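Source file: input.cif. Holds: mmCIF, C-alpha atoms and all ligand atoms.
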data_data
#
loop_
_atom_site.group_PDB
_atom_site.id
_atom_site.type_symbol
_atom_site.label_atom_id
_atom_site.label_comp_id
_atom_site.auth_asym_id
_atom_site.auth_seq_id
_atom_site.Cartn_x
_atom_site.Cartn_y
_atom_site.Cartn_z
ATOM 1 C CA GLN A 1 -13.363 1.583 29.378
ATOM 2 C CA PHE A 2 -10.002 3.127 30.345
ATOM 3 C CA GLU A 3 -9.801 6.577 31.869
ATOM 4 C CA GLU A 4 -6.741 8.793 31.536
ATOM 5 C CA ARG A 5 -6.932 10.104 35.147
ATOM 6 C CA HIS A 6 -6.836 6.523 36.468
ATOM 7 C CA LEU A 7 -3.663 5.594 34.606
ATOM 8 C CA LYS A 8 -0.323 5.977 36.371
ATOM 9 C CA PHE A 9 3.002 6.036 34.572
ATOM 10 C CA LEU A 10 5.592 3.513 35.785
ATOM 11 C CA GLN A 11 8.119 3.406 32.992
ATOM 12 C CA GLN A 12 9.073 3.395 29.360
ATOM 13 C CA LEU A 13 8.845 -0.047 27.799
ATOM 14 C CA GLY A 14 9.795 0.675 24.219
ATOM 15 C CA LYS A 15 9.493 2.673 21.061
ATOM 16 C CA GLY A 16 8.777 1.369 17.574
ATOM 17 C CA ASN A 17 8.332 3.246 14.306
ATOM 18 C CA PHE A 18 5.982 6.025 15.410
ATOM 19 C CA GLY A 19 4.788 4.556 18.699
ATOM 20 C CA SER A 20 5.947 4.394 22.293
ATOM 21 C CA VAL A 21 5.076 1.833 24.968
ATOM 22 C CA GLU A 22 4.639 2.612 28.667
ATOM 23 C CA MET A 23 4.108 0.568 31.777
ATOM 24 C CA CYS A 24 1.219 2.065 33.683
ATOM 25 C CA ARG A 25 -1.005 0.985 36.477
ATOM 26 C CA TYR A 26 -4.753 1.213 35.832
ATOM 27 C CA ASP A 27 -6.061 2.245 39.239
ATOM 28 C CA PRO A 28 -9.673 3.448 39.028
ATOM 29 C CA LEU A 29 -10.180 2.902 42.746
ATOM 30 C CA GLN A 30 -7.031 4.951 43.408
ATOM 31 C CA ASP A 31 -6.087 2.592 46.222
ATOM 32 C CA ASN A 32 -3.085 0.989 44.546
ATOM 33 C CA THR A 33 -4.995 -2.202 43.789
ATOM 34 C CA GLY A 34 -5.241 -1.582 40.051
ATOM 35 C CA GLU A 35 -3.699 -3.741 37.351
ATOM 36 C CA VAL A 36 -0.440 -3.187 35.471
ATOM 37 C CA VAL A 37 -0.946 -2.715 31.730
ATOM 38 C CA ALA A 38 1.021 -1.600 28.695
ATOM 39 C CA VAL A 39 -0.085 1.559 26.905
ATOM 40 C CA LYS A 40 0.967 2.392 23.391
ATOM 41 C CA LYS A 41 0.717 6.006 22.247
ATOM 42 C CA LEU A 42 1.846 7.861 19.146
ATOM 43 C CA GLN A 43 5.300 9.345 19.981
ATOM 44 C CA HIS A 44 4.338 12.372 17.840
ATOM 45 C CA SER A 45 0.684 12.656 16.776
ATOM 46 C CA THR A 46 -0.220 13.189 13.029
ATOM 47 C CA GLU A 47 -3.485 12.821 11.142
ATOM 48 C CA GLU A 48 -1.904 10.275 8.777
ATOM 49 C CA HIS A 49 -0.096 8.477 11.603
ATOM 50 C CA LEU A 50 -3.325 8.201 13.564
ATOM 51 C CA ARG A 51 -5.507 7.105 10.734
ATOM 52 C CA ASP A 52 -2.867 4.368 10.796
ATOM 53 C CA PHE A 53 -2.975 3.959 14.570
ATOM 54 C CA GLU A 54 -6.736 3.456 14.619
ATOM 55 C CA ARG A 55 -6.241 0.636 12.090
ATOM 56 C CA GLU A 56 -3.498 -1.024 14.032
ATOM 57 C CA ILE A 57 -5.868 -0.943 16.945
ATOM 58 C CA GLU A 58 -8.668 -2.619 14.919
ATOM 59 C CA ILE A 59 -6.105 -5.147 13.716
ATOM 60 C CA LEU A 60 -5.102 -6.101 17.282
ATOM 61 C CA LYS A 61 -8.649 -6.038 18.636
ATOM 62 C CA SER A 62 -9.438 -8.595 15.856
ATOM 63 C CA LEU A 63 -6.738 -10.991 16.954
ATOM 64 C CA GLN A 64 -7.482 -13.619 19.652
ATOM 65 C CA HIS A 65 -4.643 -16.102 19.903
ATOM 66 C CA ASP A 66 -2.381 -17.604 22.591
ATOM 67 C CA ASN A 67 0.671 -16.190 20.800
ATOM 68 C CA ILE A 68 -0.684 -12.696 20.167
ATOM 69 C CA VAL A 69 -0.444 -9.899 22.734
ATOM 70 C CA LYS A 70 -3.760 -8.991 24.244
ATOM 71 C CA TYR A 71 -5.778 -5.870 23.479
ATOM 72 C CA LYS A 72 -7.434 -4.707 26.697
ATOM 73 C CA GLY A 73 -9.053 -1.540 25.367
ATOM 74 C CA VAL A 74 -8.449 2.069 24.358
ATOM 75 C CA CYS A 75 -8.132 5.495 25.975
ATOM 76 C CA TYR A 76 -8.926 8.941 24.653
ATOM 77 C CA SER A 77 -8.188 12.077 25.204
ATOM 78 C CA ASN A 78 -5.203 11.906 22.424
ATOM 79 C CA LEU A 79 -5.640 8.092 21.440
ATOM 80 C CA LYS A 80 -4.017 5.340 23.489
ATOM 81 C CA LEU A 81 -3.944 1.563 23.118
ATOM 82 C CA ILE A 82 -4.177 -0.557 26.268
ATOM 83 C CA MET A 83 -2.674 -4.046 26.152
ATOM 84 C CA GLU A 84 -1.889 -6.725 28.703
ATOM 85 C CA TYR A 85 1.517 -6.227 30.315
ATOM 86 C CA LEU A 86 3.945 -9.066 29.853
ATOM 87 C CA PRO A 87 6.516 -9.150 32.649
ATOM 88 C CA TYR A 88 9.589 -10.606 30.880
ATOM 89 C CA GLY A 89 9.829 -7.903 28.169
ATOM 90 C CA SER A 90 10.883 -8.419 24.517
ATOM 91 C CA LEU A 91 12.330 -11.712 23.392
ATOM 92 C CA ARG A 92 15.351 -9.701 22.267
ATOM 93 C CA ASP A 93 16.226 -8.381 25.760
ATOM 94 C CA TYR A 94 15.079 -11.489 27.502
ATOM 95 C CA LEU A 95 17.347 -13.718 25.470
ATOM 96 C CA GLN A 96 20.317 -11.358 25.695
ATOM 97 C CA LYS A 97 20.145 -11.083 29.495
ATOM 98 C CA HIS A 98 19.286 -14.712 30.111
ATOM 99 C CA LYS A 99 21.201 -16.890 27.674
ATOM 100 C CA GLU A 100 21.959 -18.699 30.480
ATOM 101 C CA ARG A 101 18.568 -20.256 31.206
ATOM 102 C CA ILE A 102 17.734 -20.744 27.531
ATOM 103 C CA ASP A 103 18.754 -23.803 25.520
ATOM 104 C CA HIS A 104 18.178 -24.712 21.890
ATOM 105 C CA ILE A 105 15.090 -26.705 22.845
ATOM 106 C CA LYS A 106 13.524 -23.515 24.316
ATOM 107 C CA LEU A 107 14.453 -21.517 21.190
ATOM 108 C CA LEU A 108 12.520 -24.028 19.082
ATOM 109 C CA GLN A 109 9.552 -23.852 21.429
ATOM 110 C CA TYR A 110 9.473 -20.032 20.915
ATOM 111 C CA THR A 111 10.038 -20.482 17.237
ATOM 112 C CA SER A 112 7.125 -22.749 17.030
ATOM 113 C CA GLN A 113 4.875 -20.276 18.879
ATOM 114 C CA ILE A 114 6.009 -17.491 16.571
ATOM 115 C CA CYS A 115 4.878 -19.687 13.598
ATOM 116 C CA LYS A 116 1.506 -20.484 15.057
ATOM 117 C CA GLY A 117 0.800 -16.801 15.743
ATOM 118 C CA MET A 118 2.009 -15.833 12.280
ATOM 119 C CA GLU A 119 -0.142 -18.565 10.733
ATOM 120 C CA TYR A 120 -3.149 -16.995 12.562
ATOM 121 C CA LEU A 121 -2.213 -13.654 11.002
ATOM 122 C CA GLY A 122 -2.240 -15.267 7.542
ATOM 123 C CA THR A 123 -5.652 -16.660 8.327
ATOM 124 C CA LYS A 124 -6.786 -13.069 8.420
ATOM 125 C CA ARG A 125 -4.758 -11.835 5.427
ATOM 126 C CA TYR A 126 -2.613 -9.695 7.686
ATOM 127 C CA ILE A 127 1.004 -9.002 6.744
ATOM 128 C CA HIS A 128 3.042 -8.156 9.839
ATOM 129 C CA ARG A 129 5.915 -6.423 8.071
ATOM 130 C CA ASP A 130 8.086 -6.155 11.179
ATOM 131 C CA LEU A 131 8.982 -9.625 12.440
ATOM 132 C CA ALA A 132 12.035 -9.228 14.684
ATOM 133 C CA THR A 133 12.761 -10.520 18.207
ATOM 134 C CA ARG A 134 12.338 -6.974 19.609
ATOM 135 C CA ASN A 135 8.623 -7.230 18.625
ATOM 136 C CA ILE A 136 8.185 -10.611 20.285
ATOM 137 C CA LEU A 137 7.085 -10.541 23.883
ATOM 138 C CA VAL A 138 7.803 -13.076 26.679
ATOM 139 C CA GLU A 139 4.829 -14.106 28.787
ATOM 140 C CA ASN A 140 6.700 -16.593 30.928
ATOM 141 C CA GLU A 141 9.757 -18.909 30.451
ATOM 142 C CA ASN A 142 7.769 -21.185 28.187
ATOM 143 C CA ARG A 143 5.532 -18.760 26.218
ATOM 144 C CA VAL A 144 6.011 -15.944 23.673
ATOM 145 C CA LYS A 145 3.523 -13.658 21.916
ATOM 146 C CA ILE A 146 3.714 -11.352 18.959
ATOM 147 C CA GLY A 147 3.756 -8.031 20.699
ATOM 148 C CA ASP A 148 3.345 -5.215 18.235
ATOM 149 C CA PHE A 149 1.447 -4.558 15.006
ATOM 150 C CA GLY A 150 2.566 -0.990 14.066
ATOM 151 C CA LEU A 151 3.373 -1.850 10.353
ATOM 152 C CA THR A 152 0.817 -4.653 9.908
ATOM 153 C CA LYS A 153 -1.527 -4.382 6.905
ATOM 154 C CA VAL A 154 -4.323 -6.272 5.221
ATOM 155 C CA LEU A 155 -3.630 -7.715 1.899
ATOM 156 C CA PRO A 156 -5.769 -6.104 -0.673
ATOM 157 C CA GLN A 157 -8.447 -8.493 -1.737
ATOM 158 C CA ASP A 158 -7.645 -9.593 -5.246
ATOM 159 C CA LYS A 159 -3.958 -9.566 -4.481
ATOM 160 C CA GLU A 160 -1.497 -11.709 -2.531
ATOM 161 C CA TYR A 161 0.912 -8.835 -1.936
ATOM 162 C CA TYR A 162 0.580 -5.332 -0.492
ATOM 163 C CA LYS A 163 2.836 -2.534 -1.715
ATOM 164 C CA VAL A 164 3.787 0.130 0.824
ATOM 165 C CA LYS A 165 6.612 2.661 1.098
ATOM 166 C CA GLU A 166 6.879 4.507 4.400
ATOM 167 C CA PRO A 167 8.573 7.789 5.329
ATOM 168 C CA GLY A 168 11.962 7.498 7.034
ATOM 169 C CA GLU A 169 13.648 4.347 8.357
ATOM 170 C CA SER A 170 12.911 0.741 7.487
ATOM 171 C CA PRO A 171 14.415 -2.372 9.166
ATOM 172 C CA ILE A 172 16.004 -3.238 5.853
ATOM 173 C CA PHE A 173 18.233 -6.014 7.225
ATOM 174 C CA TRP A 174 15.086 -8.047 7.987
ATOM 175 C CA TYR A 175 13.496 -7.276 4.552
ATOM 176 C CA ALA A 176 12.945 -9.806 1.755
ATOM 177 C CA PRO A 177 14.661 -8.732 -1.462
ATOM 178 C CA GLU A 178 11.283 -8.012 -3.179
ATOM 179 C CA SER A 179 10.361 -5.696 -0.332
ATOM 180 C CA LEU A 180 13.607 -3.814 -0.776
ATOM 181 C CA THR A 181 13.374 -3.497 -4.562
ATOM 182 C CA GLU A 182 9.690 -3.577 -5.188
ATOM 183 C CA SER A 183 8.102 -2.570 -1.833
ATOM 184 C CA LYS A 184 6.014 -5.772 -1.906
ATOM 185 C CA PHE A 185 4.920 -7.373 1.314
ATOM 186 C CA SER A 186 3.231 -10.735 1.524
ATOM 187 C CA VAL A 187 3.040 -13.746 3.790
ATOM 188 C CA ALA A 188 6.235 -14.889 1.960
ATOM 189 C CA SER A 189 8.041 -11.704 2.880
ATOM 190 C CA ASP A 190 6.914 -12.441 6.436
ATOM 191 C CA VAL A 191 8.499 -15.813 6.099
ATOM 192 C CA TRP A 192 11.792 -14.255 4.914
ATOM 193 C CA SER A 193 11.709 -12.124 8.094
ATOM 194 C CA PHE A 194 10.793 -15.149 10.160
ATOM 195 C CA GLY A 195 14.132 -16.737 9.000
ATOM 196 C CA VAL A 196 15.994 -13.680 10.260
ATOM 197 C CA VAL A 197 14.123 -13.926 13.537
ATOM 198 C CA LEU A 198 15.295 -17.491 13.780
ATOM 199 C CA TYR A 199 18.866 -16.435 13.050
ATOM 200 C CA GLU A 200 18.603 -13.809 15.894
ATOM 201 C CA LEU A 201 17.428 -16.462 18.302
ATOM 202 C CA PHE A 202 20.356 -18.703 17.411
ATOM 203 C CA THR A 203 22.921 -15.885 17.764
ATOM 204 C CA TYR A 204 21.600 -15.296 21.328
ATOM 205 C CA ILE A 205 21.449 -11.621 20.325
ATOM 206 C CA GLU A 206 25.239 -11.261 20.325
ATOM 207 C CA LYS A 207 25.815 -7.648 19.326
ATOM 208 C CA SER A 208 28.665 -8.239 16.875
ATOM 209 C CA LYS A 209 26.434 -10.858 15.290
ATOM 210 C CA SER A 210 23.276 -8.854 14.596
ATOM 211 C CA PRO A 211 21.919 -8.813 11.068
ATOM 212 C CA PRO A 212 22.991 -5.144 10.455
ATOM 213 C CA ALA A 213 26.505 -5.811 11.770
ATOM 214 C CA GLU A 214 26.797 -8.978 9.673
ATOM 215 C CA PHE A 215 25.362 -7.478 6.493
ATOM 216 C CA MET A 216 27.328 -4.213 6.985
ATOM 217 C CA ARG A 217 30.524 -6.321 7.237
ATOM 218 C CA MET A 218 29.534 -8.265 4.142
ATOM 219 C CA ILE A 219 28.877 -4.967 2.306
ATOM 220 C CA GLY A 220 31.682 -2.823 3.681
ATOM 221 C CA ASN A 221 31.188 -0.250 6.400
ATOM 222 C CA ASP A 222 33.216 1.685 3.831
ATOM 223 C CA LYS A 223 30.510 1.483 1.193
ATOM 224 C CA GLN A 224 28.137 4.341 2.006
ATOM 225 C CA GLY A 225 25.084 5.327 4.026
ATOM 226 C CA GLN A 226 22.561 5.643 1.197
ATOM 227 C CA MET A 227 23.780 3.130 -1.383
ATOM 228 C CA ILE A 228 23.501 0.731 1.579
ATOM 229 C CA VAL A 229 20.122 -0.333 0.250
ATOM 230 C CA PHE A 230 21.613 -0.789 -3.262
ATOM 231 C CA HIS A 231 24.575 -2.847 -2.054
ATOM 232 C CA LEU A 232 22.297 -5.006 0.102
ATOM 233 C CA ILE A 233 19.962 -5.649 -2.784
ATOM 234 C CA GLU A 234 22.998 -6.734 -4.796
ATOM 235 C CA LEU A 235 24.435 -8.881 -2.072
ATOM 236 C CA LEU A 236 21.171 -10.732 -1.661
ATOM 237 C CA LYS A 237 20.927 -11.054 -5.480
ATOM 238 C CA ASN A 238 24.312 -12.783 -5.445
ATOM 239 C CA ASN A 239 23.025 -15.120 -2.735
ATOM 240 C CA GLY A 240 24.990 -13.480 0.015
ATOM 241 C CA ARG A 241 23.517 -14.474 3.348
ATOM 242 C CA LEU A 242 23.632 -14.286 7.134
ATOM 243 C CA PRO A 243 26.126 -16.898 8.432
ATOM 244 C CA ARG A 244 25.040 -19.942 10.372
ATOM 245 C CA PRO A 245 25.145 -18.905 14.089
ATOM 246 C CA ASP A 246 27.712 -20.478 16.374
ATOM 247 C CA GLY A 247 26.195 -23.645 17.736
ATOM 248 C CA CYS A 248 23.332 -23.684 15.211
ATOM 249 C CA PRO A 249 22.493 -27.234 14.000
ATOM 250 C CA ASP A 250 22.702 -27.484 10.164
ATOM 251 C CA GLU A 251 19.050 -28.434 10.027
ATOM 252 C CA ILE A 252 17.923 -25.204 11.777
ATOM 253 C CA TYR A 253 20.253 -23.308 9.504
ATOM 254 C CA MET A 254 18.558 -25.113 6.517
ATOM 255 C CA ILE A 255 15.144 -23.760 7.719
ATOM 256 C CA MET A 256 16.658 -20.286 7.798
ATOM 257 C CA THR A 257 18.198 -20.553 4.361
ATOM 258 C CA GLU A 258 15.007 -21.911 2.874
ATOM 259 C CA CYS A 259 13.203 -18.850 4.226
ATOM 260 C CA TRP A 260 15.796 -16.670 2.502
ATOM 261 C CA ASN A 261 14.761 -17.859 -0.949
ATOM 262 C CA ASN A 262 15.066 -15.190 -3.620
ATOM 263 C CA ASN A 263 12.144 -17.031 -5.192
ATOM 264 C CA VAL A 264 9.195 -15.694 -3.173
ATOM 265 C CA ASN A 265 7.017 -18.728 -4.092
ATOM 266 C CA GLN A 266 9.541 -21.356 -2.965
ATOM 267 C CA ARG A 267 9.736 -20.121 0.644
ATOM 268 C CA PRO A 268 7.984 -22.505 3.095
ATOM 269 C CA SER A 269 4.661 -21.721 4.676
ATOM 270 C CA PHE A 270 4.268 -20.980 8.382
ATOM 271 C CA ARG A 271 2.341 -24.289 8.823
ATOM 272 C CA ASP A 272 5.244 -26.209 7.279
ATOM 273 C CA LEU A 273 7.730 -24.288 9.396
ATOM 274 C CA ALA A 274 5.806 -25.235 12.596
ATOM 275 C CA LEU A 275 5.642 -28.887 11.500
ATOM 276 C CA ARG A 276 9.381 -29.073 10.903
ATOM 277 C CA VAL A 277 10.268 -27.071 14.001
ATOM 278 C CA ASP A 278 7.968 -29.046 16.297
ATOM 279 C CA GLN A 279 9.603 -32.140 14.839
ATOM 280 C CA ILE A 280 13.261 -31.233 15.161
ATOM 281 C CA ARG A 281 12.096 -30.494 18.704
ATOM 282 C CA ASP A 282 10.967 -34.067 19.313
ATOM 283 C CA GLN A 283 14.149 -35.649 17.993
ATOM 284 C CA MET A 284 16.019 -33.363 20.441
ATOM 285 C CA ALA A 285 14.004 -34.628 23.411
ATOM 286 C CA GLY A 286 14.004 -38.450 23.359
HETATM 287 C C1 LIG B 1 7.899 -6.148 23.051
HETATM 288 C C2 LIG B 1 6.773 -5.117 22.985
HETATM 289 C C3 LIG B 1 6.489 -4.730 21.515
HETATM 290 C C4 LIG B 1 7.410 -3.586 21.030
HETATM 291 N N1 LIG B 1 7.534 -2.524 22.045
HETATM 292 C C5 LIG B 1 7.315 -1.277 21.764
HETATM 293 O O1 LIG B 1 7.445 -0.417 22.625
HETATM 294 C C6 LIG B 1 6.919 -0.987 20.386
HETATM 295 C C7 LIG B 1 6.353 0.114 20.120
HETATM 296 N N2 LIG B 1 6.072 1.204 19.823
HETATM 297 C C8 LIG B 1 7.937 -2.841 23.413
HETATM 298 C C9 LIG B 1 6.926 -3.867 23.926
HETATM 299 N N3 LIG B 1 7.345 -4.341 25.253
HETATM 300 C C10 LIG B 1 8.767 -4.315 25.689
HETATM 301 C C11 LIG B 1 6.368 -4.789 26.117
HETATM 302 N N4 LIG B 1 6.723 -5.254 27.351
HETATM 303 C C12 LIG B 1 5.857 -5.728 28.228
HETATM 304 N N5 LIG B 1 4.568 -5.785 27.941
HETATM 305 C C13 LIG B 1 4.099 -5.379 26.749
HETATM 306 N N6 LIG B 1 2.878 -5.298 26.200
HETATM 307 C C14 LIG B 1 2.959 -4.773 24.935
HETATM 308 C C15 LIG B 1 4.271 -4.457 24.563
HETATM 309 C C16 LIG B 1 5.018 -4.825 25.749
#
Using structure tokens, write down the structure that the file contains.
Ligand SMILES: C[C@@H]1CCN(C(=O)CC#N)C[C@@H]1N(C)c1ncnc2[nH]ccc12
Amino acid sequence: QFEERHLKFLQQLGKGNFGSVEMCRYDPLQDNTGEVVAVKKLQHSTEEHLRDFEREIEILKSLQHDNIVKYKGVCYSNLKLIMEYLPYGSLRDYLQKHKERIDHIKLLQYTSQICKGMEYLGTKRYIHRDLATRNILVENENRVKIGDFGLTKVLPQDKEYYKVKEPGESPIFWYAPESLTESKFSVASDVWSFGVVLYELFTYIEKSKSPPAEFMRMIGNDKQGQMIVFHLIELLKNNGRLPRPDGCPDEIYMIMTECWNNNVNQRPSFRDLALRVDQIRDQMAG
């Protein structure tokens, strides 16, 4: 498969939770004709964390979809995950740097691909648990993939939610209220997070405008650092919400706000989202 001695470090691509991502060249012929891949390793190896890594790997290996990043193989010593390298980086950085070449119509095209890939996940009873533009990957100008599965689980098998509480730091400003209060993750919590993704896209990743910044302002940067979770749970309870981004059409903002339903069961499905997005798209064309 992939040999460690044949893998040359080029640069750091990312870190996420308890993983890092590197750009390496696989060059078994050692003639600089090998192919550029992305390699994910544990940033600090544990038995628990690696139990979890091996699962993430099985999860990705089991995914074959146009909008899902592409398992190439594995590498021991010790354990490394080889994926396809996508040359435009995360949707987050791409959109920030290049706002520029990206209109609303393109944002809905991405949005729609995010939905299709997430629907494929749901097909498999996978909860992603970490939908955020930084985890979306740009293949070319016209194509995005879901790029990382570090927190992804399977749904238990009588149950439509999966309850998990992880050591350290959670992306709480992308979490559904039930995930904050009850630690419950489901397709519907993914859909909550999808709405936040959609908000990020429409803000063009303006720094002052990020979810944390916005929510922190709404809460008070003079609240605390630990009651932050409490105040955010309250805010969301009282139907406090991320503002409509500058430029956002009311009907995209309506998608967003429907994803941020406190009622888990009333949030739309990914198939419905794709239908509505694809369709707002068409009315924007002709
Ligand atoms: C957006 C991708 C998913 C998250 N990334 C991490 O490093 C997460 C962890 N740990 C960066 C990665 N990225 C910038 C990539 N950039 C280019 N090709 C890639 N293949 C796979 C990831 C990848």
Hey, which residues come within 6 Å of ligand LIG 1 (chain B) if we count only C-alpha atoms and all ligand atoms? Could you give them as a PyMOL selection string?
-> chain A and resi 13-16+19-21+38+83-87+89-90+134-137+147-148
Residue contacts of range 263-274 of chain A (8 Å, only C-alpha atoms) excluding same-chain residues fewer than 4 positions away, as a list in words |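 Answer for this query is residues 111, 112, 115, 116, 118, 119, 178, 188, 189, 191, 192, 255, 258, 259 and 278 of chain A.
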Give me a file of those residues, with C-alpha atoms, as a PDB file, keeping the file's coordinate frame.
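Final output, saved to selection12.pdb:
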ATOM      1  CA  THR A 111      10.038 -20.482  17.237  1.00  0.00           C
ATOM      2  CA  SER A 112       7.125 -22.749  17.030  1.00  0.00           C
ATOM      3  CA  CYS A 115       4.878 -19.687  13.598  1.00  0.00           C
ATOM      4  CA  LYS A 116       1.506 -20.484  15.057  1.00  0.00           C
ATOM      5  CA  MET A 118       2.009 -15.833  12.280  1.00  0.00           C
ATOM      6  CA  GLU A 119      -0.142 -18.565  10.733  1.00  0.00           C
ATOM      7  CA  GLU A 178      11.283  -8.012  -3.179  1.00  0.00           C
ATOM      8  CA  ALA A 188       6.235 -14.889   1.960  1.00  0.00           C
ATOM      9  CA  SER A 189       8.041 -11.704   2.880  1.00  0.00           C
ATOM     10  CA  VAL A 191       8.499 -15.813   6.099  1.00  0.00           C
ATOM     11  CA  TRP A 192      11.792 -14.255   4.914  1.00  0.00           C
ATOM     12  CA  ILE A 255      15.144 -23.760   7.719  1.00  0.00           C
ATOM     13  CA  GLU A 258      15.007 -21.911   2.874  1.00  0.00           C
ATOM     14  CA  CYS A 259      13.203 -18.850   4.226  1.00  0.00           C
ATOM     15  CA  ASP A 278       7.968 -29.046  16.297  1.00  0.00           C
TER      16      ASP A 278
END
Applied to this file, what does the PyMOL selection byres (((chain A and resi 39-44) around 8) and not hetatm) return in terms of residues, put as a list in words?
->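 The output of the PyMOL selection byres (((chain A and resi 39-44) around 8) and not hetatm) on this file is residues 15, 18, 19, 20, 21, 22, 23, 24, 37, 38, 45, 46, 49, 50, 53, 79, 80, 81, 82 and 83 of chain A.
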Gap from CA of residue 244 in chain A to CA of residue 208 in chain A - Å, one decimal | 13.9 Å
Of the candidates A:236, A:36, A:63, A:164, which one gets nearest to residue 149 in chain A if we count all atoms listed in the file?
->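 With all atoms listed in the file as the atom set, the closest residue is A:63.
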Counting only C-alpha atoms, which of A:17, A:47, A:96, A:29 gets nearest to residue 207 in chain A?
-> A:96
Please measure the separation of CA of residue 129 in chain A and CA of residue 179 in chain A, giving the value in Å to one decimal.
->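 Taking CA of residue 129 in chain A and CA of residue 179 in chain A, their separation equals 9.5 Å.
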Using all atoms listed in the file, can you list as number ranges by chain the residues within 12 Å of (17.2, -20.8, 9.1)?
-> A: 108, 111, 191-203, 241-245, 248-261, 267-268, 273, 276-277
When you draw a straight line from CA of residue 157 in chain A to CA of residue 184 in chain A, how long is it in Å?
->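 Taking CA of residue 157 in chain A and CA of residue 184 in chain A, their separation equals 14.7 Å.
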Output the residue selection produced by the PyMOL selection byres (((chain A and resi 117) around 8) and not hetatm) on the file above, formatted as a ChimeraX atom specification.
-> /A:65-68,113-116,118-121,145-146
With a distance cut-off of 12 Å and only C-alpha atoms, select the neighbouring residues of residue 77 in chain A, excluding the residue or stretch itself and same-chain residues fewer than 6 positions from it, and output the selection as number ranges by chain.
-> A: 2-5, 41
Output C-alpha atoms for every residue in the selection just made, as a PDB file, in the frame of the given file.
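Contents of out.pdb, as written:
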ATOM      1  CA  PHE A   2     -10.002   3.127  30.345  1.00  0.00           C
ATOM      2  CA  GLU A   3      -9.801   6.577  31.869  1.00  0.00           C
ATOM      3  CA  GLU A   4      -6.741   8.793  31.536  1.00  0.00           C
ATOM      4  CA  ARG A   5      -6.932  10.104  35.147  1.00  0.00           C
ATOM      5  CA  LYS A  41       0.717   6.006  22.247  1.00  0.00           C
TER       6      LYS A  41
END
List the residues matched by the PyMOL selection byres (((chain A and resi 140) around 9) and not hetatm) in the displayed structure as a count of residues only, ordered by chain and then by residue number.
-> 9
Residue nearest residue 176 in chain A among A:237, A:159, A:217, A:281 (counting only C-alpha atoms) =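 Looking only at the distances to residue 176 in chain A, the closest residue turns out to be A:237.
Comparing the minimum interatomic distances between residue 93 in chain A and each of A:216, A:74, A:205, A:151, counting all atoms listed in the file, we find that A:205 sits nearest.
Nearest to residue 169 in chain A of all the residues A:78, A:51, A:226, A:73 is A:226, counting all atoms listed in the file.
You can rank A:230, A:161, A:204, A:100 by their closest distance to residue 183 in chain A using all atoms listed in the file, and at the top of that list sits A:161.
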